[PDB]
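Here's the letter readout for the chains.
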Number of protein chains: 2
Amino acid sequence: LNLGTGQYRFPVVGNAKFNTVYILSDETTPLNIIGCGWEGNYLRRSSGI
Amino acid sequence: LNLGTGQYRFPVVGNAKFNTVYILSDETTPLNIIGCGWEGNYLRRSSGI
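Residues numbered from 1 in each chain as written, not as in the entry; some residues may be left out. Chains lettered and ligands numbered in written order. Part of a larger assembly, values for the part shown. Heavy atoms only, no water.

Per the PDB record, the structure was determined using cryo-EM to 3.8 Å resolution.

A. Expanded view of unusual backbone geometry. The linkage connecting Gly-6 of chain A with the following residue, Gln-7 of chain A, adopts the cis geometry, with an omega of 5 degrees. The backbone phi angle of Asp-26 of chain A is positive, close to 160 degrees, even though this residue is not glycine. Non-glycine residue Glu-27 of chain B carries a positive phi angle of around 155 degrees. Assessed through its relative accessible area of 59%, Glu-27 of chain B is described here as exposed. (Buried < 20%, exposed > 50% of the residue type's maximum accessible area, 1.4 Å probe, protein only.)

B. Looking closely at the packing of aromatic side chains. All names here are of chain A. Across all of its chains, the model carries two aromatic pairs over all chains by this definition. Ring geometry for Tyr-8 against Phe-10: centres 6.0 Å apart, planes inclined by 15 degrees, an arrangement best described as stacked. For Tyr-8, a relative accessible area of 68% gives the class exposed. Accessibility expressed as a relative area gives 45% for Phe-10, which makes it partly exposed. (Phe/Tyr/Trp six-rings, centres within 6.5 Å; stacked < 30°, edge-to-face > 60°.)

And the structure:
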């Protein structure tokens, strides 16, 4: 088998309101997804509360 | 149809105690309102508590 263990990093570049990450595959093969992270620049100008 | 998805930003300029935002329309057409935000300068001189 070709199975492997995480993680896997991949660029999701752009605004948060517009990027829709999704996982289609197919297959004759399993998968497991444990967690999901993200990073990114955050800048709110109006310092709230 | 002409439906669309948010957001929509629009100036509510002035003091908070005096601005009354409200939504009349009419129509033969639906609407949905999910959330509402606002920003604005806040300056309380007397640093309370």
